[PDB]
$ cat target_29.txt   # compact mmCIF, C-alpha atoms
# COMPACT_ATOMS: atom_id res chain seq x y z
CA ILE A 1 -3.64 8.17 0.78
CA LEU A 2 -6.53 7.45 -1.61
CA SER A 3 -6.89 3.98 -3.18
CA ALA A 4 -5.56 4.17 -6.79
CA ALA A 5 -8.26 2.93 -9.20
CA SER A 6 -8.89 4.96 -12.41
CA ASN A 7 -8.02 8.48 -11.25
CA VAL A 8 -5.30 11.13 -11.63
CA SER A 9 -2.03 9.82 -10.16
CA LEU A 10 -0.82 13.43 -10.22
CA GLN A 11 0.16 13.95 -6.53
CA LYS A 12 3.20 16.21 -5.71
CA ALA A 13 5.57 13.26 -4.97
CA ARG A 14 8.76 12.36 -6.91
CA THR A 15 10.97 9.34 -7.70
CA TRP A 16 14.77 8.60 -8.27
CA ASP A 17 17.18 6.42 -10.50
CA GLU A 18 20.90 6.86 -10.97
CA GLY A 19 24.13 5.22 -9.88
CA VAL A 20 25.79 7.23 -7.07
CA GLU A 21 26.23 10.35 -9.18
CA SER A 22 26.52 13.53 -7.07
CA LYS A 23 23.86 16.26 -7.63
CA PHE A 24 21.00 14.26 -6.11
CA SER A 25 18.35 15.62 -8.46
CA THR A 26 15.00 13.87 -8.50
CA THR A 27 12.15 13.57 -11.03
CA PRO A 28 8.81 15.25 -10.32
CA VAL A 29 5.93 12.92 -11.17
CA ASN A 30 4.65 15.44 -13.71
CA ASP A 31 7.76 15.13 -15.88
CA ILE A 32 6.98 11.40 -15.89
CA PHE A 33 3.27 11.19 -16.63
CA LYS A 34 2.22 14.56 -18.02
CA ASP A 35 1.18 14.37 -21.67
CA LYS A 36 2.50 10.80 -21.91
CA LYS A 37 1.27 7.22 -22.19
CA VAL A 38 2.99 5.38 -19.38
CA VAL A 39 3.18 1.72 -18.52
CA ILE A 40 4.48 1.38 -14.98
CA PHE A 41 4.91 -1.57 -12.68
CA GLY A 42 6.11 -1.71 -9.08
CA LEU A 43 7.49 -4.55 -7.01
CA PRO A 44 8.57 -5.39 -3.43
CA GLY A 45 12.16 -4.51 -4.21
CA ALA A 46 15.58 -5.13 -5.70
CA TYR A 47 17.08 -8.59 -5.14
CA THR A 48 13.81 -10.10 -3.84
CA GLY A 49 11.66 -13.18 -4.44
CA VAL A 50 10.35 -13.64 -7.97
CA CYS A 51 10.89 -10.04 -9.07
CA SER A 52 14.20 -10.48 -10.86
CA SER A 53 13.00 -13.84 -12.18
CA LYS A 54 9.51 -13.64 -13.71
CA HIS A 55 8.29 -10.06 -13.36
CA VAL A 56 10.90 -7.85 -14.98
CA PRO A 57 12.03 -9.94 -18.00
CA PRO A 58 8.58 -10.05 -19.69
CA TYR A 59 8.53 -6.24 -19.82
CA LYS A 60 12.00 -6.06 -21.35
CA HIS A 61 11.14 -8.76 -23.88
CA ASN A 62 7.97 -6.92 -24.99
CA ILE A 63 9.44 -3.43 -24.95
CA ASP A 64 8.80 -3.27 -28.71
CA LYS A 65 5.17 -4.36 -28.60
CA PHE A 66 4.60 -1.57 -26.07
CA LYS A 67 6.14 1.15 -28.22
CA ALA A 68 4.15 -0.31 -31.09
CA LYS A 69 1.02 0.60 -29.16
CA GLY A 70 2.31 4.11 -28.62
CA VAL A 71 3.59 3.71 -25.07
CA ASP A 72 5.95 6.62 -24.32
CA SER A 73 7.75 4.94 -21.45
CA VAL A 74 7.83 1.66 -19.56
CA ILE A 75 9.00 2.08 -15.99
CA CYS A 76 9.78 -0.05 -12.98
CA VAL A 77 9.46 1.55 -9.57
CA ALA A 78 10.35 0.21 -6.12
CA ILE A 79 10.81 1.41 -2.57
CA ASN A 80 14.60 1.10 -2.71
CA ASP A 81 17.23 3.84 -2.79
CA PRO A 82 18.11 4.67 -6.43
CA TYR A 83 21.61 3.19 -6.07
CA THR A 84 20.35 -0.30 -5.21
CA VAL A 85 17.65 -0.16 -7.86
CA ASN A 86 20.43 0.56 -10.33
CA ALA A 87 22.84 -2.09 -9.08
CA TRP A 88 19.96 -4.51 -9.48
CA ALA A 89 18.88 -3.12 -12.85
CA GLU A 90 22.42 -3.59 -14.13
CA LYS A 91 22.63 -7.10 -12.67
CA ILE A 92 19.57 -8.23 -14.59
CA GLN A 93 20.56 -6.24 -17.68
CA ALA A 94 17.14 -4.63 -17.64
CA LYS A 95 18.22 -1.01 -18.02
CA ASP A 96 18.26 0.61 -21.47
CA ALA A 97 15.03 -1.30 -22.10
CA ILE A 98 13.10 -0.18 -19.01
CA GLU A 99 13.50 3.05 -17.04
CA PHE A 100 14.12 2.17 -13.39
CA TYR A 101 13.10 4.58 -10.63
CA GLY A 102 13.38 4.47 -6.86
CA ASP A 103 10.98 5.70 -4.16
CA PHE A 104 13.09 5.63 -0.98
CA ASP A 105 10.44 7.76 0.81
CA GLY A 106 7.75 5.31 -0.13
CA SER A 107 5.90 8.58 -0.57
CA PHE A 108 4.98 7.78 -4.13
CA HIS A 109 3.23 4.55 -3.16
CA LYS A 110 1.88 6.01 0.06
CA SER A 111 -0.03 8.61 -1.97
CA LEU A 112 -1.59 5.83 -4.01
CA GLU A 113 -2.01 3.54 -0.97
CA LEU A 114 0.16 0.89 -2.55
CA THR A 115 2.39 0.12 0.43
CA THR A 116 2.21 -3.17 2.33
CA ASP A 117 4.12 -4.36 5.40
CA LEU A 118 6.72 -6.97 4.47
CA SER A 119 8.57 -7.02 7.78
CA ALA A 120 7.98 -10.75 8.08
CA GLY A 121 10.08 -11.16 4.95
CA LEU A 122 12.77 -8.88 6.42
CA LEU A 123 12.03 -6.03 3.99
CA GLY A 124 10.54 -2.96 5.60
CA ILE A 125 7.31 -1.32 4.51
CA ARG A 126 7.34 -1.83 0.74
CA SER A 127 5.08 -1.45 -2.27
CA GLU A 128 2.70 -4.12 -3.48
CA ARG A 129 3.30 -5.77 -6.82
CA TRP A 130 1.33 -3.77 -9.36
CA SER A 131 1.31 -2.50 -12.93
CA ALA A 132 -0.73 0.22 -14.53
CA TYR A 133 -1.26 2.06 -17.80
CA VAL A 134 -1.45 5.81 -17.24
CA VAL A 135 -2.40 8.36 -19.89
CA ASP A 136 -1.57 11.97 -19.14
CA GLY A 137 -1.66 11.11 -15.46
CA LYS A 138 -4.97 9.23 -15.56
CA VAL A 139 -5.09 5.56 -14.65
CA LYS A 140 -6.78 3.72 -17.52
CA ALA A 141 -5.81 0.29 -16.21
CA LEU A 142 -4.69 -0.91 -12.78
CA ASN A 143 -3.49 -4.33 -11.64
CA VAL A 144 -2.60 -5.12 -8.04
CA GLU A 145 -1.50 -8.65 -7.12
CA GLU A 146 -3.50 -10.16 -4.25
CA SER A 147 -0.23 -11.31 -2.72
CA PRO A 148 3.04 -9.46 -3.41
CA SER A 149 4.74 -12.77 -4.22
CA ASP A 150 2.32 -13.59 -7.07
CA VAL A 151 2.81 -12.42 -10.65
CA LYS A 152 -0.67 -13.22 -11.89
CA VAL A 153 -2.03 -9.81 -12.91
CA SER A 154 0.84 -7.29 -12.95
CA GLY A 155 2.82 -9.08 -15.66
CA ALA A 156 3.75 -7.45 -18.96
CA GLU A 157 1.53 -9.83 -20.90
CA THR A 158 -1.59 -8.60 -19.09
CA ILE A 159 -1.11 -4.83 -19.12
CA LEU A 160 -0.13 -5.19 -22.78
CA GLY A 161 -3.50 -6.70 -23.59
CA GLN A 162 -5.16 -3.75 -21.85
CA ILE A 163 -3.60 -0.89 -23.82
CA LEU B 1 22.11 7.51 25.57
CA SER B 2 24.53 7.16 22.69
CA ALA B 3 27.00 4.27 22.56
CA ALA B 4 30.36 5.03 24.24
CA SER B 5 32.00 2.25 26.34
CA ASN B 6 28.95 0.38 27.64
CA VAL B 7 27.03 -2.89 27.13
CA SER B 8 25.63 -3.01 23.59
CA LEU B 9 23.40 -5.82 24.82
CA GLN B 10 19.89 -4.45 23.92
CA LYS B 11 17.15 -6.96 22.79
CA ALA B 12 17.47 -6.05 19.06
CA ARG B 13 18.54 -8.40 16.22
CA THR B 14 20.13 -8.26 12.73
CA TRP B 15 19.90 -10.21 9.35
CA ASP B 16 22.14 -11.52 6.40
CA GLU B 17 21.23 -14.05 3.89
CA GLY B 18 20.26 -14.29 0.16
CA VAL B 19 16.46 -14.64 -0.30
CA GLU B 20 16.33 -18.00 1.48
CA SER B 21 12.88 -18.80 2.92
CA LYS B 22 12.64 -19.31 6.74
CA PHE B 23 13.34 -15.65 7.59
CA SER B 24 15.34 -16.36 10.76
CA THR B 25 17.04 -13.44 12.50
CA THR B 26 20.10 -13.41 14.77
CA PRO B 27 19.66 -12.11 18.34
CA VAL B 28 22.43 -9.69 19.29
CA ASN B 29 23.43 -11.98 22.15
CA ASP B 30 24.42 -14.80 19.79
CA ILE B 31 26.67 -12.22 18.13
CA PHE B 32 28.44 -10.51 21.04
CA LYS B 33 28.03 -12.75 24.07
CA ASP B 34 31.31 -14.27 25.21
CA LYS B 35 33.07 -13.05 22.06
CA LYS B 36 35.56 -10.44 20.89
CA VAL B 37 33.82 -8.63 18.07
CA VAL B 38 35.09 -6.07 15.59
CA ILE B 39 32.11 -4.44 13.93
CA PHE B 40 31.76 -1.57 11.51
CA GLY B 41 28.65 0.01 10.04
CA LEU B 42 28.16 2.16 6.97
CA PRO B 43 25.46 4.22 5.19
CA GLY B 44 24.55 1.29 2.98
CA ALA B 45 25.09 -1.12 0.11
CA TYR B 46 26.06 0.42 -3.23
CA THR B 47 26.81 3.86 -1.74
CA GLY B 48 29.58 6.46 -1.86
CA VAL B 49 32.99 5.32 -0.66
CA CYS B 50 31.75 2.27 1.24
CA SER B 51 32.44 -0.34 -1.41
CA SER B 52 35.64 1.46 -2.32
CA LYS B 53 37.75 2.31 0.72
CA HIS B 54 35.91 1.11 3.80
CA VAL B 55 35.23 -2.58 3.30
CA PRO B 56 38.41 -3.79 1.52
CA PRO B 57 40.79 -2.87 4.37
CA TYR B 58 38.86 -5.14 6.74
CA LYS B 59 38.96 -8.06 4.30
CA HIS B 60 42.66 -7.54 3.67
CA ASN B 61 43.46 -7.56 7.41
CA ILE B 62 41.11 -10.36 8.37
CA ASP B 63 44.18 -12.37 9.43
CA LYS B 64 45.75 -9.69 11.61
CA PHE B 65 42.40 -9.49 13.42
CA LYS B 66 42.17 -13.20 14.16
CA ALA B 67 45.82 -13.00 15.19
CA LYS B 68 44.72 -10.66 17.95
CA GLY B 69 42.03 -13.10 19.01
CA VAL B 70 39.05 -11.43 17.32
CA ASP B 71 36.20 -13.94 17.12
CA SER B 72 34.33 -12.22 14.32
CA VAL B 73 34.59 -9.21 12.02
CA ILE B 74 31.21 -7.94 10.93
CA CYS B 75 29.75 -5.31 8.66
CA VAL B 76 26.28 -4.03 9.44
CA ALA B 77 24.04 -1.65 7.50
CA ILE B 78 20.46 -0.45 7.42
CA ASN B 79 19.63 -2.42 4.27
CA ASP B 80 17.45 -5.50 3.87
CA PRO B 81 19.59 -8.66 4.14
CA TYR B 82 19.11 -9.50 0.45
CA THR B 83 20.66 -6.25 -0.79
CA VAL B 84 23.49 -6.45 1.76
CA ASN B 85 24.23 -9.86 0.31
CA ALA B 86 23.96 -8.89 -3.33
CA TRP B 87 26.44 -6.15 -2.48
CA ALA B 88 28.66 -8.40 -0.38
CA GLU B 89 28.87 -10.81 -3.29
CA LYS B 90 29.58 -8.02 -5.76
CA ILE B 91 32.61 -6.83 -3.83
CA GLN B 92 33.67 -10.39 -3.00
CA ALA B 93 33.75 -9.45 0.67
CA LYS B 94 31.78 -12.39 2.04
CA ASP B 95 33.61 -15.44 3.44
CA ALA B 96 36.08 -12.93 4.90
CA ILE B 97 33.61 -10.68 6.71
CA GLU B 98 30.19 -11.58 8.12
CA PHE B 99 27.60 -9.22 6.64
CA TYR B 100 24.42 -8.41 8.55
CA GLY B 101 21.42 -6.24 7.79
CA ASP B 102 19.33 -4.02 10.09
CA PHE B 103 16.25 -3.21 8.00
CA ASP B 104 14.46 -1.93 11.14
CA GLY B 105 17.31 0.40 11.88
CA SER B 106 16.42 -0.77 15.37
CA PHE B 107 19.94 -1.93 16.07
CA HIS B 108 21.44 1.50 15.36
CA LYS B 109 18.50 3.33 16.90
CA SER B 110 19.25 1.60 20.22
CA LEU B 111 22.82 2.86 20.03
CA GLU B 112 21.79 6.25 18.59
CA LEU B 113 23.83 5.65 15.47
CA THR B 114 21.25 6.71 12.90
CA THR B 115 21.57 9.86 10.81
CA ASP B 116 19.24 11.36 8.20
CA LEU B 117 20.62 10.91 4.70
CA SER B 118 17.50 11.92 2.79
CA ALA B 119 19.47 14.59 0.95
CA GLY B 120 21.54 11.81 -0.56
CA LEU B 121 18.37 9.90 -1.47
CA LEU B 122 18.96 7.17 1.14
CA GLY B 123 16.46 7.17 3.97
CA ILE B 124 17.37 7.29 7.64
CA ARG B 125 20.62 5.32 7.78
CA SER B 126 23.43 4.51 10.17
CA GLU B 127 26.55 6.63 10.59
CA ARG B 128 29.88 5.26 9.51
CA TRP B 129 31.37 3.65 12.58
CA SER B 130 33.53 0.79 13.81
CA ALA B 131 33.91 -0.67 17.27
CA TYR B 132 35.64 -3.42 19.21
CA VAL B 133 33.22 -5.15 21.56
CA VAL B 134 34.21 -7.72 24.19
CA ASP B 135 31.42 -9.85 25.63
CA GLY B 136 29.01 -7.07 24.71
CA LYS B 137 31.07 -4.24 26.19
CA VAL B 138 32.37 -1.48 23.94
CA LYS B 139 36.12 -1.21 24.51
CA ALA B 140 36.67 1.04 21.51
CA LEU B 141 34.29 3.20 19.47
CA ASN B 142 34.89 5.22 16.31
CA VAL B 143 32.23 7.36 14.68
CA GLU B 144 33.07 9.38 11.56
CA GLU B 145 32.22 13.08 11.86
CA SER B 146 30.68 12.89 8.41
CA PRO B 147 29.26 9.61 7.05
CA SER B 148 31.20 10.12 3.80
CA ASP B 149 34.60 10.20 5.56
CA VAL B 150 36.64 7.11 6.34
CA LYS B 151 39.07 8.72 8.75
CA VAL B 152 38.42 6.87 12.00
CA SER B 153 36.27 3.82 11.27
CA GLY B 154 38.78 2.14 8.98
CA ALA B 155 40.23 -1.32 9.66
CA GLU B 156 43.69 0.15 10.20
CA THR B 157 42.52 2.20 13.18
CA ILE B 158 40.37 -0.29 15.07
CA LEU B 159 43.15 -2.81 14.55
CA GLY B 160 45.59 -0.59 16.39
CA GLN B 161 43.10 -0.35 19.25
CA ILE B 162 42.64 -4.06 20.03

$ encode --input "target_29.txt" --output "structure tokens"
Amino acid sequence: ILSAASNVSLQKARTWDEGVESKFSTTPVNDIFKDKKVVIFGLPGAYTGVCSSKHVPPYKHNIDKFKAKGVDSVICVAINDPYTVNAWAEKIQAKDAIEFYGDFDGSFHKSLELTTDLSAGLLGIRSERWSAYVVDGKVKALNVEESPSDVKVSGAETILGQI
Amino acid sequence: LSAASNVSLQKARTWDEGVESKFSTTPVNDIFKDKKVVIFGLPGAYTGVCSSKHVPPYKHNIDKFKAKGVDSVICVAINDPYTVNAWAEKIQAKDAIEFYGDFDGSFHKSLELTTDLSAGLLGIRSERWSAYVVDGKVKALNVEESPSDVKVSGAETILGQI
């Protein structure tokens, strides 16, 4: 726990991905942010509110503009097991354009203090809706929606204008 | 205090739906009270051999169940209700089987049916089980030895126990 803001995300956590493929390997956060320009956005979770409606698409549609700015990878993370994140990623044909990761522990977001209680909505403790541009592990730009159901500042359009 | 042949009736509640705003939840009484219920739980939506060998058999024998007087056949899992639904739709299992969620895990925790599946990248989930409950009392209980096995919680078995 330590409010993300413009610091070094590098905390010994790790995230997931796949589609029920047996080995269960996971990706250390270093392999994701070290020596790379990363655009990453998180959301309440697969199959929820306005995630798979207004949040994800914009990133897929501007995948080129991102790479044009030198972005190494554009990733979507969510506190969902990697198998559901994938089912969902397939459903909205967002894979191949955006790298989807899971954070079933919620440990990734917990280390950045980006978890919020969405038990009223019938989802457990989840992540807030955010986006950030991280260079070699350092947060150059951070956007956290005031309300997880809003897509006012974590959209692709915004972060893009910040790189 | 694991489940065995007792009264499931514990003040918990389960879910369902498909991102429809009201967020109502179903009290366990409304589910088991005065009814013959066949219920089976599994590790979770989009996992191992759940949506492959476990669910189908129940859908395919939905008639035989009702023939025996079963009021409802339900599938429960520690997944939010929106994912359970996405999954239920995907495997065209709805309309045949009532799918519920247990995001709290509270339902299974009260029956001591939770197991740690962190190695498989799923959090704390439920074991793979099936049970026939009459007016809240467990007349038959089947808990797989290993959550990945479908040896005793299948539809075929529970059916032969009603």

$ interface_residues --input "target_29.txt" --of "chain A" --to "chain B" --cutoff "9 Å" --atoms "all atoms listed in the file" --output "list in words"
residues 16, 19, 20, 21, 22, 23, 24, 26, 46, 47, 48, 49, 80, 81, 82, 83, 84, 87, 88, 103, 104, 105, 119, 120, 121, 122, 123 and 124 of chain A

$ atom_distance --input "target_29.txt" --atom1 "atom CA of residue B:133" --atom2 "atom CA of residue B:89"
25.9 Å

$ atom_distance --input "target_29.txt" --atom1 "atom CA of residue A:142" --atom2 "atom CA of residue A:159"
8.3 Å

$ atom_distance --input "target_29.txt" --atom1 "atom CA of residue B:64" --atom2 "atom CA of residue B:144"
22.9 Å

$ residues_around --input "target_29.txt" --residues "residue A:151" --least-positions-apart "6" --cutoff "9 Å" --atoms "all atoms listed in the file" --output "mmCIF file with C-alpha atoms, in the coordinates of the input"
data_model
loop_
_atom_site.group_PDB
_atom_site.id
_atom_site.type_symbol
_atom_site.label_atom_id
_atom_site.label_comp_id
_atom_site.auth_asym_id
_atom_site.auth_seq_id
_atom_site.Cartn_x
_atom_site.Cartn_y
_atom_site.Cartn_z
ATOM 1 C CA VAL A 50 10.350 -13.640 -7.970
ATOM 2 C CA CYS A 51 10.890 -10.040 -9.070
ATOM 3 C CA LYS A 54 9.510 -13.640 -13.710
ATOM 4 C CA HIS A 55 8.290 -10.060 -13.360
ATOM 5 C CA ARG A 129 3.300 -5.770 -6.820
ATOM 6 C CA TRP A 130 1.330 -3.770 -9.360
ATOM 7 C CA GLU A 145 -1.500 -8.650 -7.120
#

$ closest_residue --input "target_29.txt" --among "B:156, B:30, B:112, B:71" --to "residue B:4" --atoms "all atoms listed in the file"
B:112

$ closest_residue --input "target_29.txt" --among "A:31, A:43, A:56, A:128" --to "residue A:112" --atoms "only C-alpha atoms"
A:128

$ residues_around --input "target_29.txt" --residues "residue A:73" --least-positions-apart "5" --cutoff "7 Å" --atoms "all atoms listed in the file" --output "ChimeraX atom specification"
/A:37-39

$ residues_around --input "target_29.txt" --residues "stretch 26-28 of chain B" --least-positions-apart "5" --cutoff "8 Å" --atoms "all atoms listed in the file" --output "PyMOL selection string"
chain B and resi 9-15+33

$ decode --input "target_29.txt" --residues "stretch 106-118 of chain A" --atoms "N, CA and C atoms" --output "JSON list (two decimals), in the first residue's frame"
[["chain", "number", "residue", "atom", "x", "y", "z"],
["A", 106, "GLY", "N", -5.30, -9.59, -6.45],
["A", 106, "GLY", "CA", -5.70, -8.22, -6.23],
["A", 106, "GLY", "C", -4.44, -7.60, -5.65],
["A", 107, "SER", "N", -3.40, -8.42, -5.53],
["A", 107, "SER", "CA", -2.14, -7.98, -4.97],
["A", 107, "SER", "C", -1.52, -6.87, -5.79],
["A", 108, "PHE", "N", -1.63, -6.95, -7.11],
["A", 108, "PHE", "CA", -1.05, -5.90, -7.91],
["A", 108, "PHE", "C", -1.65, -4.56, -7.54],
["A", 109, "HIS", "N", -2.98, -4.47, -7.55],
["A", 109, "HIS", "CA", -3.65, -3.22, -7.23],
["A", 109, "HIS", "C", -3.51, -2.83, -5.76],
["A", 110, "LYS", "N", -3.43, -3.83, -4.89],
["A", 110, "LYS", "CA", -3.30, -3.56, -3.47],
["A", 110, "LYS", "C", -1.99, -2.83, -3.21],
["A", 111, "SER", "N", -0.94, -3.19, -3.94],
["A", 111, "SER", "CA", 0.36, -2.56, -3.76],
["A", 111, "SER", "C", 0.38, -1.14, -4.26],
["A", 112, "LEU", "N", -0.58, -0.80, -5.11],
["A", 112, "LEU", "CA", -0.67, 0.56, -5.65],
["A", 112, "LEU", "C", -1.86, 1.30, -5.02],
["A", 113, "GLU", "N", -2.57, 0.61, -4.12],
["A", 113, "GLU", "CA", -3.75, 1.14, -3.44],
["A", 113, "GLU", "C", -4.83, 1.52, -4.44],
["A", 114, "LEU", "N", -5.04, 0.64, -5.41],
["A", 114, "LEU", "CA", -6.04, 0.88, -6.43],
["A", 114, "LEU", "C", -7.21, -0.09, -6.34],
["A", 115, "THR", "N", -7.52, -0.55, -5.14],
["A", 115, "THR", "CA", -8.65, -1.46, -4.94],
["A", 115, "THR", "C", -9.78, -0.67, -4.31],
["A", 116, "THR", "N", -11.01, -1.01, -4.67],
["A", 116, "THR", "CA", -12.18, -0.34, -4.11],
["A", 116, "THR", "C", -13.22, -1.43, -3.85],
["A", 117, "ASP", "N", -14.07, -1.23, -2.85],
["A", 117, "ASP", "CA", -15.07, -2.24, -2.53],
["A", 117, "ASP", "C", -16.33, -2.11, -3.37],
["A", 118, "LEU", "N", -16.57, -3.07, -4.25],
["A", 118, "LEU", "CA", -17.75, -3.05, -5.11],
["A", 118, "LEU", "C", -18.71, -4.17, -4.76]]
